[PDB]
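Reading through the C-alpha cells given below for one structure.
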Amino acid sequence: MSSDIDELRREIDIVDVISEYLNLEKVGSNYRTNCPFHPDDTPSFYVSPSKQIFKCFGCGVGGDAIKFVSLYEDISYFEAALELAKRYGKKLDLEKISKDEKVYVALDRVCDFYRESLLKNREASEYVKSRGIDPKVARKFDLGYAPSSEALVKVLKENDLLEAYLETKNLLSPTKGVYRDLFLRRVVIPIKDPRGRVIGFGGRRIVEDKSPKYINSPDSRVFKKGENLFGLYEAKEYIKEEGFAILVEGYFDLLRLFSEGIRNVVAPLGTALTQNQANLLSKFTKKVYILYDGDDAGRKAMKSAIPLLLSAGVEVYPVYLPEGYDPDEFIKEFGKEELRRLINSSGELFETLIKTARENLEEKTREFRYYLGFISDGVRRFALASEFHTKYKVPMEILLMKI
Ligand SMILES: [Zn+2]
Numbered sequence: 001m002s003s004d005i006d007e008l009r010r011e012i013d014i015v016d017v018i019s020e021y022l023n024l025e026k027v028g029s030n031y032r033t034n035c036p037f038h039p040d041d042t043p044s045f046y047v048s049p050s051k052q053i054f055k056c057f058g059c060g061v062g063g064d065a066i067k068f069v070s071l072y073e074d075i076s077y078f079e080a081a082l083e084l085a086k087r088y089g090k091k092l093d094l095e096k097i098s099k100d101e102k103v104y105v106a107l108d109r110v111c112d113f114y115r116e117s118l119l120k121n122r123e124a125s126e127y128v129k130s131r132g133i134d135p136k137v138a139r140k141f142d143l144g145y146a147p148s149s150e151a152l153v154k155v156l157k158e159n160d161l162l163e164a165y166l167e168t169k170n171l172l173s174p175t176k177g178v179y180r181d182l183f184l185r186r187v188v189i190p191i192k193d194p195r196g197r198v199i200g201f202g203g204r205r206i207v208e209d210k211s212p213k214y215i216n217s218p219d220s221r222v223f224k225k226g227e228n229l230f231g232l233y234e235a236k237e238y239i240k241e242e243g244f245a246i247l248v249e250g251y252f253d254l255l256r257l258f259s260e261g262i263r264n265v266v267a268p269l270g271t272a273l274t275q276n277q278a279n280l281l282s283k284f285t286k287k288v289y290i291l292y293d294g295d296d297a298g299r300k301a302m303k304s305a306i307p308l309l310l311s312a313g314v315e316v317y318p319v320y321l322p323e324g325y326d327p328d329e330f331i332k333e334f335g336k337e338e339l340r341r342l343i344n345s346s347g348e349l350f351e352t353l354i355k356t357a358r359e360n361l362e363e364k365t366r367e368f369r370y371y372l373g374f375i376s377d378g379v380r381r382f383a384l385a386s387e388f389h390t391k392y393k394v395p396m397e398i399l400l401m402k403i
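Numbering (PDB author numbering), first residue to last: 1 to 403.
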C-alpha cells in the first residue's frame, strides 16, 4: 500500500537522529553512549545501524528513531514522527494515520509502561529474579508488570492510543468508559512476531487468585497464538549460526535457557506446538531438539509434537530429561553446561528407534512405522525403512503401512 509514516521511517537513519542528541562512539558496527533515560556508570545504550533500532542494555529501553525522539522530548510517538517529518521534508498528516499503525504503536507503548512498572515494583522484580531469570534477559525480553488499570488507561489516553489499543482486546470494559487491564497484577511477557514487533502479551499471575496462572492476549487481527513462536525474534540469529533450534514447552523454560546462555531456543505460544508453528520453525532450521519436562505428560507432549515437526521436514532429536526434572531444575542441580551436553548427546529420532527397537520390537516397530508416515522425503523414508527391515527382519510392507 502507501503511508506517510512508513515512508518517513524508510527515509530516517537512526544514527543521524540520535547523534543530534547524544555523543555516539563507534564500537564495532554499532554506536554506544551513556543512557539518557536511566543512570549508569558504564555506557550501555547501543544504536545499531543494521537493525535501525536502539537498545539500552542497562534499563532495557529500545526502539526506532521516532521512538527515541518521543522519549527524549517527552512527546507521543506520532508527535515525534511529525517533528522528524519536518526535519526530513516528508509529509505526515496525523489525520491519515491508520488505526492499524496506531495499534502497533499502542502495543509498543504499553510494553514500555509494563517494563517501567516492573522496575518500580520490588515484589515483581524480586519474584522474576527469584525464579532464575537473569536481569539481563528480563531486559532483553522486555519483561514487565501490570500494576494498575487506571495508570495504563492514563498513558493510553495521554498518547491518544486508547481506541487503537481496544482493538487488541487486552483491555476489558466492566462498565461504560471504564477499563480493566486483562493482565492486571501479572508479570507480563511481551509476545513478538518473528521481526520483533510486539503483537501482544502473556501474563503470569504472582498473586493467589481463581484465574489461570497464565493468560495470553486473545486472538485478533494483530495476534494469532497458533502462528507465532515465543523467542523466535531473539533466537533466529543463534538458530542460524548453530544449525539447530531447541524447542521447550513455555516462556519460563525459554527465559531460563537464555539466562544460561543457551539462545537458539523457541517455545509454542501459550500451549502445545501447532502445525503452523512447526512450519514457521522449519523456515529457520531443519534440525530441532525437543526438550520438554522429564515426566509422563512431557514425554507425551513430545510425541504429539514430533509428527508436526516431521511433516514440516525437520529432523527431530528428542532430549530426555531424567524423571521429575524440568529444564529449570536440571540446570539448578547439574549446571548449564551439563544441559548443553545432554542436548548434544541426544540421538536423532529414527536412529534412536533403530538403536533401541531391541527393547520391545512390537512396540518400537509401531512407533517407527507411525513416525515414518510423516516423512515427505520418500528417498529418506525408504532408507530408514530399509535399515529397520535389514536389522529386525520386519517386512517392508509392515513398515510402509501397506494394507
Ligand atoms: Zn537505559
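A virtual CB, placed ideally from N, CA and C, is assigned to each residue, including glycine.
In the DSSP assignment, the residues bridged to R32 are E25, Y46.
Taking all protein chains in view, the Cβ of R263 is crowded by 16 or more other Cβ atoms within 10 Å, so the residue is classified as buried. Pairwise C-beta distances place the stretch 160-175 out of contact with the stretch 362-369, as fewer than three of them are shorter than 8 Å.
In the same chain as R109, and ignoring 5 residues on each side of it, the C-beta atoms closer than 8 Å to its own belong to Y77, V155, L156, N159, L161, in chain order. Nearest to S98 by alpha-carbon distance, out of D4, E242, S311, is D4. Only residues of its own chain outside the window of five on either side were considered, and among them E323, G324 have a CB closer than 7 Å to the CB of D295, listed in chain order.
Annotation: the continuous beta strand (DSSP E) that includes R205 extends over 198-205. Assignment of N276 by DSSP, reduced to helix, strand and coil, places it in the helix class.
Rounded to the nearest whole angstrom, the CA to CA distance from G58 to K129 is 16 Å. When secondary structure is reduced to three states using DSSP, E315 falls in the strand class. Nearest to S386 by alpha-carbon distance, out of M396, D377, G378, is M396. The stretch 138-192 is shown to contain whole alpha helix (DSSP H) runs of 4 or more residues at 149-159, 162-166, in chain order. Counting only residues of its own chain and dropping the five nearest sequence neighbours on each side, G203 has a CB closer than 6 Å to the CB of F183, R186, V188, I215. In this structure, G243 lies away from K283, with their beta-carbon atoms at least 8 Å apart. Set against 7 Å, the gap from the CB of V61 to the closest heavy atom of ligand 1 is smaller. Judged by DSSP in its simplified three-state form, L8 adopts helix. Remark: the C-beta of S2 is outside contact range of ligand 1, defined as less than 7 Å to any heavy atom. Contact holds between the stretch 299-315 and the stretch 368-388, because three or more Cβ pairs, one in each stretch, are under 8 Å apart. Set against 7 Å, the gap from the CB of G243 to the closest heavy atom of ligand 1 is not smaller. Distance from the Cα of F223 is smallest, within the candidate group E241, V207, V198, for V198.
Within the stretch 44-116, the runs of alpha helix (DSSP H) that reach at least 4 residues and sit entirely inside it are, in chain order, 65-73, 77-88.
Nearest to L92 by alpha-carbon distance, out of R9, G250, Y320, is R9. Annotation: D134 to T42 spans about 19 Å, alpha carbon to alpha carbon. The Cβ atoms of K336 and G261 sit closer than 8 Å to each other. Within the stretch 309-358, the runs of alpha helix (DSSP H) at least 4 residues long that lie entirely inside it are, in chain order, 327-334, 336-345, 349-356. Looking from the CA of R115, the closest CA among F201, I403, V69 belongs to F201. Contact annotation: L321 and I331 have beta-carbon atoms that are not nearer than 8 Å. Residue range 232-242 is occupied by the alpha helix (DSSP H) that includes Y238.
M302 counts as buried, since no fewer than 16 other beta carbons sit within 10 angstroms of its beta carbon.
Note that the C-beta distance between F45 and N30 is not below 8 Å. The beta carbon of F374 sits no closer than 7 Å to any heavy atom of ligand 1. Inter-residue distance for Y289 and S148 is about 40 Å (C-alpha atoms, whole angstroms).
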